[PDB]
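Trainee: There's a structure below that I have some questions on.
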Amino acid sequence: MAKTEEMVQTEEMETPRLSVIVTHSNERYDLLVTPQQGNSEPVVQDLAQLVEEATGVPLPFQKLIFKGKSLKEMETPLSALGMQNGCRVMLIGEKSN
Amino acid sequence: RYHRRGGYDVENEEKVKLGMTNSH
C-alpha cells in the first residue's frame, strides 16, 4: 500500500500521470493533482482542491486531514504536500453532492 | 434527502439500524 513509487496514475496537462486517493469514510474518488508548480510538486492549495473537486464539495463543508497537514489555502510548504504521485487524502464529515 | 449515502441507502429512513450505506 505504498502509494509513492508509482508516478503512473491519471495524466493531465502538466501533471505527469498523477492522481490522489480521496477517501471519505469508505467512499473513494480519483482526482488529478493540482499542477502549475512543478509537475510532481503541486501547489499549497492542492490538498484543498483535491478533496473539493473530488465531488464538488466546499472546503468549509469538509475536513481534510492527511498529507501531514490540514485543509486550507496554505498550511505546510509545497515540499510537504506529498512528494509523490498525489499521495492520499481523507476528510472527516459530510459531502455536498 | 439530497444526500448520496448518508446514514442509510440515500433516503432519510425510519429504522436506521444498519449503517451499511452510511458512507459506503
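Quick note, the sequences are listed as chains D and U, same order.
Be aware that the first sequence starts at 1, since it is given in our numbering, and climbs by one per residue.
Be aware that the second sequence starts at 98, since it is given in our numbering, and climbs by one per residue.
Note that the Cβ used here is the ideal one computed from N, Cα and C, for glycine as well.
1. State the Cα-Cα distance for the pair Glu41/D and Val113/U, rounded to the nearest angstrom.
2. Where does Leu78/D fall in DSSP's three states?
3. Got a sec? Which residues, its chain only, sit under 8 Å from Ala48/D by beta carbon, not counting five neighbours each side?
4. Any beta carbon of chain D sitting closer than 8 Å to that of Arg101/U?
5. Below 7 Å on C-beta distance, what does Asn97/D contact in chain U?
6. Check the DSSP bridge columns for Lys114/U and list the partner residues they point to.
7. Compare the beta carbon distance of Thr55/D and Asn26/D with 8 Å and say whether it is the shorter of the two.
8. Using three-state DSSP, classify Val22/D as helix, strand or coil.
9. Along the chain, which unbroken stretches of the beta strand (DSSP E) at least 3 residues long are found entirely within the segment 9-65 of chain D?
Mentor: Looking at the atomic coordinates:
1. 44 Å
2. helix
3. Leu59, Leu64, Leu71, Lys72, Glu73
4. yes
5. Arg101
6. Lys114/U pairs with nothing; no bridge assigned.
7. no
8. strand
9. 19-24, 27-32
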